[PDB]
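To be precise, the following lines are model29.txt, and they hold compact mmCIF, N, CA and C atoms.
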# COMPACT_ATOMS: atom_id res chain seq x y z
N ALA A 466 -15.89 18.52 6.73
CA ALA A 466 -16.95 17.75 6.02
C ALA A 466 -16.69 16.27 6.17
N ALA A 467 -17.62 15.43 5.75
CA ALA A 467 -17.43 13.99 5.81
C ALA A 467 -16.40 13.61 4.74
N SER A 468 -15.73 12.49 4.94
CA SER A 468 -14.75 11.98 3.99
C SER A 468 -14.71 10.48 4.22
N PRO A 469 -14.31 9.68 3.21
CA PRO A 469 -14.29 8.24 3.48
C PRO A 469 -13.21 7.83 4.48
N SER A 470 -13.50 6.78 5.23
CA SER A 470 -12.60 6.24 6.24
C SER A 470 -11.37 5.60 5.62
N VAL A 471 -10.36 5.33 6.45
CA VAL A 471 -9.13 4.70 5.97
C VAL A 471 -9.39 3.40 5.26
N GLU A 472 -10.20 2.55 5.86
CA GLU A 472 -10.52 1.25 5.28
C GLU A 472 -11.28 1.38 3.95
N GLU A 473 -12.11 2.40 3.83
CA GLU A 473 -12.84 2.64 2.58
C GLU A 473 -11.84 3.03 1.50
N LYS A 474 -10.90 3.89 1.87
CA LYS A 474 -9.89 4.38 0.92
C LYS A 474 -8.95 3.26 0.55
N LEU A 475 -8.68 2.42 1.53
CA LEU A 475 -7.79 1.29 1.38
C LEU A 475 -8.27 0.40 0.24
N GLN A 476 -9.57 0.24 0.10
CA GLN A 476 -10.10 -0.61 -0.97
C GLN A 476 -9.55 -0.16 -2.32
N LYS A 477 -9.47 1.15 -2.54
CA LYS A 477 -8.91 1.66 -3.79
C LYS A 477 -7.40 1.45 -3.80
N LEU A 478 -6.70 1.93 -2.79
CA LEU A 478 -5.25 1.83 -2.74
C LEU A 478 -4.72 0.42 -2.91
N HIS A 479 -5.29 -0.53 -2.20
CA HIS A 479 -4.83 -1.91 -2.32
C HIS A 479 -5.03 -2.38 -3.75
N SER A 480 -6.16 -2.03 -4.36
CA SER A 480 -6.43 -2.42 -5.74
C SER A 480 -5.42 -1.79 -6.69
N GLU A 481 -5.05 -0.53 -6.47
CA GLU A 481 -4.06 0.12 -7.33
C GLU A 481 -2.72 -0.57 -7.20
N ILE A 482 -2.31 -0.91 -5.98
CA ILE A 482 -1.07 -1.62 -5.78
C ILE A 482 -1.10 -2.87 -6.65
N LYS A 483 -2.20 -3.60 -6.61
CA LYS A 483 -2.32 -4.84 -7.37
C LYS A 483 -2.34 -4.63 -8.89
N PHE A 484 -3.00 -3.59 -9.36
CA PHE A 484 -3.04 -3.27 -10.79
C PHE A 484 -1.68 -2.81 -11.27
N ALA A 485 -0.90 -2.23 -10.38
CA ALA A 485 0.45 -1.77 -10.70
C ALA A 485 1.41 -2.93 -10.92
N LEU A 486 1.03 -4.10 -10.44
CA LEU A 486 1.87 -5.29 -10.52
C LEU A 486 1.37 -6.27 -11.56
N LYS A 487 0.43 -5.81 -12.39
CA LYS A 487 -0.09 -6.62 -13.48
C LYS A 487 1.10 -7.09 -14.29
N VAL A 488 1.20 -8.39 -14.51
CA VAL A 488 2.31 -8.96 -15.28
C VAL A 488 2.29 -8.42 -16.70
N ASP A 489 1.08 -8.35 -17.23
CA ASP A 489 0.83 -7.89 -18.60
C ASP A 489 1.11 -6.40 -18.78
N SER A 490 0.91 -5.63 -17.72
CA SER A 490 1.04 -4.17 -17.80
C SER A 490 1.37 -3.54 -16.44
N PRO A 491 2.63 -3.65 -15.99
CA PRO A 491 2.95 -3.03 -14.70
C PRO A 491 3.06 -1.51 -14.80
N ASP A 492 2.67 -0.83 -13.73
CA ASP A 492 2.71 0.64 -13.68
C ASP A 492 3.24 1.09 -12.33
N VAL A 493 4.50 1.46 -12.28
CA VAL A 493 5.11 1.86 -11.02
C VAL A 493 4.44 3.06 -10.40
N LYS A 494 4.18 4.08 -11.19
CA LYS A 494 3.56 5.30 -10.68
C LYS A 494 2.23 4.99 -10.03
N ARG A 495 1.55 3.97 -10.53
CA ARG A 495 0.23 3.62 -10.01
C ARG A 495 0.41 3.07 -8.60
N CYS A 496 1.43 2.25 -8.43
CA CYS A 496 1.76 1.72 -7.12
C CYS A 496 2.19 2.86 -6.21
N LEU A 497 3.10 3.71 -6.67
CA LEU A 497 3.64 4.80 -5.84
C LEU A 497 2.54 5.71 -5.32
N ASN A 498 1.60 6.07 -6.18
CA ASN A 498 0.48 6.93 -5.79
C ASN A 498 -0.37 6.26 -4.71
N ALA A 499 -0.60 4.97 -4.85
CA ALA A 499 -1.39 4.23 -3.88
C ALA A 499 -0.64 4.15 -2.56
N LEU A 500 0.63 3.79 -2.65
CA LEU A 500 1.48 3.72 -1.51
C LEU A 500 1.53 5.05 -0.77
N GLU A 501 1.69 6.16 -1.46
CA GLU A 501 1.82 7.44 -0.76
C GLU A 501 0.55 7.83 0.01
N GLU A 502 -0.64 7.53 -0.50
CA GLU A 502 -1.84 7.83 0.27
C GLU A 502 -1.86 6.91 1.48
N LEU A 503 -1.61 5.63 1.24
CA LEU A 503 -1.61 4.63 2.30
C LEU A 503 -0.60 5.01 3.40
N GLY A 504 0.50 5.64 3.00
CA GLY A 504 1.52 6.07 3.93
C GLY A 504 1.08 7.15 4.90
N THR A 505 0.01 7.86 4.59
CA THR A 505 -0.49 8.92 5.46
C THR A 505 -1.82 8.50 6.10
N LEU A 506 -2.42 7.44 5.59
CA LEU A 506 -3.68 6.95 6.14
C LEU A 506 -3.47 6.40 7.55
N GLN A 507 -4.46 6.56 8.43
CA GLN A 507 -4.36 6.03 9.79
C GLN A 507 -4.66 4.54 9.79
N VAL A 508 -3.64 3.76 9.50
CA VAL A 508 -3.76 2.32 9.44
C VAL A 508 -3.34 1.74 10.78
N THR A 509 -3.85 2.34 11.83
CA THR A 509 -3.51 1.96 13.20
C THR A 509 -4.07 0.57 13.43
N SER A 510 -3.73 -0.05 14.56
CA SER A 510 -4.10 -1.44 14.83
C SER A 510 -5.58 -1.75 14.59
N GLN A 511 -6.45 -0.78 14.78
CA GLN A 511 -7.87 -0.94 14.49
C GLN A 511 -8.11 -1.37 13.03
N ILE A 512 -7.45 -0.71 12.09
CA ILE A 512 -7.61 -0.99 10.67
C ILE A 512 -6.66 -2.09 10.27
N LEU A 513 -5.44 -2.03 10.78
CA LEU A 513 -4.42 -2.98 10.40
C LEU A 513 -4.82 -4.42 10.67
N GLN A 514 -5.48 -4.65 11.79
CA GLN A 514 -5.88 -6.01 12.16
C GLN A 514 -6.95 -6.55 11.21
N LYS A 515 -7.79 -5.67 10.69
CA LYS A 515 -8.84 -6.10 9.75
C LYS A 515 -8.34 -6.04 8.30
N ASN A 516 -7.13 -5.55 8.09
CA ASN A 516 -6.54 -5.43 6.75
C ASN A 516 -5.15 -6.08 6.68
N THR A 517 -4.99 -7.23 7.31
CA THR A 517 -3.70 -7.93 7.32
C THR A 517 -3.26 -8.37 5.92
N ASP A 518 -4.20 -8.62 5.02
CA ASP A 518 -3.88 -9.00 3.64
C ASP A 518 -3.18 -7.88 2.89
N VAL A 519 -3.43 -6.65 3.30
CA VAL A 519 -2.80 -5.50 2.67
C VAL A 519 -1.34 -5.51 3.07
N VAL A 520 -1.10 -5.78 4.35
CA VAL A 520 0.25 -5.85 4.88
C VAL A 520 0.97 -6.99 4.18
N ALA A 521 0.23 -8.05 3.88
CA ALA A 521 0.79 -9.18 3.15
C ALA A 521 1.25 -8.76 1.75
N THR A 522 0.54 -7.87 1.07
CA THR A 522 0.95 -7.45 -0.27
C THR A 522 2.09 -6.46 -0.17
N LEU A 523 2.04 -5.59 0.81
CA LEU A 523 3.12 -4.61 1.01
C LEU A 523 4.47 -5.30 1.21
N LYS A 524 4.46 -6.46 1.86
CA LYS A 524 5.69 -7.25 2.00
C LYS A 524 6.20 -7.74 0.64
N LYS A 525 5.31 -7.96 -0.32
CA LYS A 525 5.69 -8.43 -1.66
C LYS A 525 6.35 -7.34 -2.48
N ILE A 526 5.82 -6.13 -2.42
CA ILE A 526 6.37 -5.03 -3.22
C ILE A 526 7.63 -4.42 -2.63
N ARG A 527 7.84 -4.57 -1.34
CA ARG A 527 9.06 -4.09 -0.69
C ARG A 527 10.32 -4.80 -1.20
N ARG A 528 10.13 -5.89 -1.93
CA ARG A 528 11.24 -6.63 -2.54
C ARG A 528 11.10 -6.67 -4.07
N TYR A 529 10.26 -5.79 -4.61
CA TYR A 529 9.95 -5.78 -6.04
C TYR A 529 11.17 -5.44 -6.89
N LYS A 530 11.52 -6.35 -7.79
CA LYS A 530 12.71 -6.17 -8.63
C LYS A 530 12.45 -5.49 -9.97
N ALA A 531 11.23 -5.59 -10.49
CA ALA A 531 10.93 -5.02 -11.81
C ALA A 531 10.97 -3.49 -11.79
N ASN A 532 10.75 -2.89 -10.62
CA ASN A 532 10.88 -1.45 -10.49
C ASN A 532 11.38 -1.10 -9.10
N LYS A 533 12.51 -0.42 -9.04
CA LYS A 533 13.15 -0.07 -7.78
C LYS A 533 12.29 0.89 -6.96
N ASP A 534 11.67 1.85 -7.62
CA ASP A 534 10.87 2.87 -6.93
C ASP A 534 9.72 2.26 -6.14
N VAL A 535 9.07 1.27 -6.74
CA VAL A 535 7.97 0.55 -6.09
C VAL A 535 8.44 -0.03 -4.76
N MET A 536 9.63 -0.61 -4.74
CA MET A 536 10.20 -1.20 -3.53
C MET A 536 10.48 -0.13 -2.50
N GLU A 537 11.00 1.00 -2.93
CA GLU A 537 11.31 2.09 -2.01
C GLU A 537 10.06 2.68 -1.39
N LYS A 538 9.05 2.99 -2.19
CA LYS A 538 7.85 3.59 -1.61
C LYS A 538 7.10 2.57 -0.78
N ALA A 539 7.06 1.33 -1.23
CA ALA A 539 6.41 0.27 -0.46
C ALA A 539 7.06 0.17 0.89
N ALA A 540 8.37 0.30 0.90
CA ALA A 540 9.16 0.22 2.12
C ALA A 540 8.90 1.38 3.07
N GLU A 541 8.93 2.59 2.55
CA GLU A 541 8.70 3.77 3.39
C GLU A 541 7.31 3.68 4.02
N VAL A 542 6.34 3.23 3.23
CA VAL A 542 4.97 3.09 3.68
C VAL A 542 4.82 1.96 4.66
N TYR A 543 5.28 0.78 4.29
CA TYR A 543 5.15 -0.41 5.13
C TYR A 543 5.73 -0.17 6.52
N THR A 544 6.88 0.49 6.58
CA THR A 544 7.53 0.80 7.84
C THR A 544 6.69 1.77 8.67
N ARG A 545 6.06 2.73 8.00
CA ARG A 545 5.18 3.67 8.68
C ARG A 545 3.97 2.97 9.26
N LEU A 546 3.56 1.84 8.69
CA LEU A 546 2.35 1.18 9.19
C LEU A 546 2.68 0.52 10.49
N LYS A 547 3.89 -0.02 10.55
CA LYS A 547 4.39 -0.66 11.76
C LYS A 547 4.51 0.33 12.90
N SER A 548 4.66 1.59 12.53
CA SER A 548 4.77 2.68 13.50
C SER A 548 3.39 3.14 14.01
N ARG A 549 2.32 2.64 13.40
CA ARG A 549 0.94 2.97 13.80
C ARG A 549 0.21 1.76 14.38
N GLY A 550 0.76 0.58 14.14
CA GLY A 550 0.13 -0.66 14.57
C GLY A 550 0.64 -1.14 15.91
N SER A 551 0.46 -2.43 16.15
CA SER A 551 0.90 -3.09 17.37
C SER A 551 1.26 -4.49 16.93

Is it possible to express this structure as structure tokens?
Amino acid sequence: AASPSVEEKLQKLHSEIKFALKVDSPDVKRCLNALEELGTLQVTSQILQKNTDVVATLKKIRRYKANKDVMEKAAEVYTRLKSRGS
């Protein structure tokens, strides 16, 4: 059946990553869930080049100190994107 494209899904995932880093109310699980979908999404160079700002945020959470898990999942995901891009 039809399903939304990676970039369409990315709109949600990127937003969840950002909501998970709310200073007022951070939510690690929210980031992890977004990261894990993003980790399986085909963010190949076609999508990656039009979504460089996402890669920019992924670099921020890979060093996240307020929650270790966020940094780990961001890392596993971010590295996987490099394995699909150019």

Residue contacts of segment 508-512 of chain A (6 Å, only C-alpha atoms) excluding same-chain residues fewer than 6 positions away, as JSON, numbers by chain: {"A": [549, 550, 551]}

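Across A:540, A:466, A:546, A:513, the tightest approach to residue 497 of chain A is made by A:540 when counting only C-alpha atoms.
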
Within 8 Å of (-2.1, -3.9, -2.7) (file coordinates; all atoms listed in the file), which protein or nucleic acid residues are there? I'd like them as JSON, numbers by chain. {"A": [477, 478, 479, 480, 481, 482, 483, 484, 485, 518, 519, 520, 521, 522, 523]}

I'd like the contact shell of residue 506 of chain A - 9 Å cut-off, only C-alpha atoms, skipping same-chain residues fewer than 3 positions apart - returned as a list in words. residues 470, 471, 472, 474, 475, 501, 502, 503, 509 and 546 of chain A

Write the residues of the selection above to a file with N, CA and C atoms, as a compact mmCIF listing (two decimals), in the frame of the given file.
# COMPACT_ATOMS: atom_id res chain seq x y z
N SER A 470 -13.50 6.78 5.23
CA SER A 470 -12.60 6.24 6.24
C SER A 470 -11.37 5.60 5.62
N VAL A 471 -10.36 5.33 6.45
CA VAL A 471 -9.13 4.70 5.97
C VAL A 471 -9.39 3.40 5.26
N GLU A 472 -10.20 2.55 5.86
CA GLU A 472 -10.52 1.25 5.28
C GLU A 472 -11.28 1.38 3.95
N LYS A 474 -10.90 3.89 1.87
CA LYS A 474 -9.89 4.38 0.92
C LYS A 474 -8.95 3.26 0.55
N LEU A 475 -8.68 2.42 1.53
CA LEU A 475 -7.79 1.29 1.38
C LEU A 475 -8.27 0.40 0.24
N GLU A 501 1.69 6.16 -1.46
CA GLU A 501 1.82 7.44 -0.76
C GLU A 501 0.55 7.83 0.01
N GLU A 502 -0.64 7.53 -0.50
CA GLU A 502 -1.84 7.83 0.27
C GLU A 502 -1.86 6.91 1.48
N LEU A 503 -1.61 5.63 1.24
CA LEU A 503 -1.61 4.63 2.30
C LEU A 503 -0.60 5.01 3.40
N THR A 509 -3.85 2.34 11.83
CA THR A 509 -3.51 1.96 13.20
C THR A 509 -4.07 0.57 13.43
N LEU A 546 3.56 1.84 8.69
CA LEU A 546 2.35 1.18 9.19
C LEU A 546 2.68 0.52 10.49

Spatial neighbours of residue 527 of chain A, 7 Å, all atoms listed in the file, chain gap at least 2 places, as a list in words: residues 522, 523, 524, 525, 529, 530, 535, 536, 537, 538, 539 and 540 of chain A

What does the distance between atom CA of residue 495 of chain A and atom CA of residue 468 of chain A come to in Å, to one decimal place?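 According to the coordinates, atom CA of residue 495 of chain A and atom CA of residue 468 of chain A are separated by 22.1 Å.
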
DSSP helix (DSSP H, G or I) selection over chain A, as a PyMOL selection string: chain A and resi 471-485+493-503+510-526+533-547

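Separating atom CA of residue 533 of chain A from atom CA of residue 507 of chain A is a distance of 25.5 Å.
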
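The space separating atom CA of residue 505 of chain A from atom C of residue 491 of chain A comes to 23.1 Å.
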
May I have the centre and edge lengths, in Å to one decimal, of an axis-aligned box around the listed atoms of segment 514-522 of chain A with 3 Å added to every side, as JSON?
{"center_x": -3.4, "center_y": -6.9, "center_z": 5.9, "size_x": 16.9, "size_y": 10.5, "size_z": 18.4}

Option closest in space to residue 532 of chain A, from A:516, A:500, A:486, A:544 [counting only C-alpha atoms]: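 Among the listed residues, A:486 lies closest to residue 532 of chain A.
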
Complete segment 498-509 of chain A with N, CA, C and O atoms (output as a tab-separated table (two decimals), in the coordinates of the input).
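The resulting part23.tsv:
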chain	number	residue	atom	x	y	z
A	498	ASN	N	1.60	6.07	-6.18
A	498	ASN	CA	0.48	6.93	-5.79
A	498	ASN	C	-0.37	6.26	-4.71
A	498	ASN	O	-0.83	6.89	-3.76
A	499	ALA	N	-0.60	4.97	-4.85
A	499	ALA	CA	-1.39	4.23	-3.88
A	499	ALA	C	-0.64	4.15	-2.56
A	499	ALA	O	-1.19	4.42	-1.50
A	500	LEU	N	0.63	3.79	-2.65
A	500	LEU	CA	1.48	3.72	-1.51
A	500	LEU	C	1.53	5.05	-0.77
A	500	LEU	O	1.42	5.06	0.44
A	501	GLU	N	1.69	6.16	-1.46
A	501	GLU	CA	1.82	7.44	-0.76
A	501	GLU	C	0.55	7.83	0.01
A	501	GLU	O	0.66	8.40	1.10
A	502	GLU	N	-0.64	7.53	-0.50
A	502	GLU	CA	-1.84	7.83	0.27
A	502	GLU	C	-1.86	6.91	1.48
A	502	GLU	O	-2.09	7.34	2.60
A	503	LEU	N	-1.61	5.63	1.24
A	503	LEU	CA	-1.61	4.63	2.30
A	503	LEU	C	-0.60	5.01	3.40
A	503	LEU	O	-0.81	4.76	4.59
A	504	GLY	N	0.50	5.64	3.00
A	504	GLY	CA	1.52	6.07	3.93
A	504	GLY	C	1.08	7.15	4.90
A	504	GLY	O	1.72	7.32	5.94
A	505	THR	N	0.01	7.86	4.59
A	505	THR	CA	-0.49	8.92	5.46
A	505	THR	C	-1.82	8.50	6.10
A	505	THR	O	-2.27	9.11	7.07
A	506	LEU	N	-2.42	7.44	5.59
A	506	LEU	CA	-3.68	6.95	6.14
A	506	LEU	C	-3.47	6.40	7.55
A	506	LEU	O	-2.42	5.81	7.85
A	507	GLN	N	-4.46	6.56	8.43
A	507	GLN	CA	-4.36	6.03	9.79
A	507	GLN	C	-4.66	4.54	9.79
A	507	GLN	O	-5.75	4.08	10.06
A	508	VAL	N	-3.64	3.76	9.50
A	508	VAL	CA	-3.76	2.32	9.44
A	508	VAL	C	-3.34	1.74	10.78
A	508	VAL	O	-2.56	0.80	10.89
A	509	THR	N	-3.85	2.34	11.83
A	509	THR	CA	-3.51	1.96	13.20
A	509	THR	C	-4.07	0.57	13.43
A	509	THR	O	-4.79	0.05	12.58
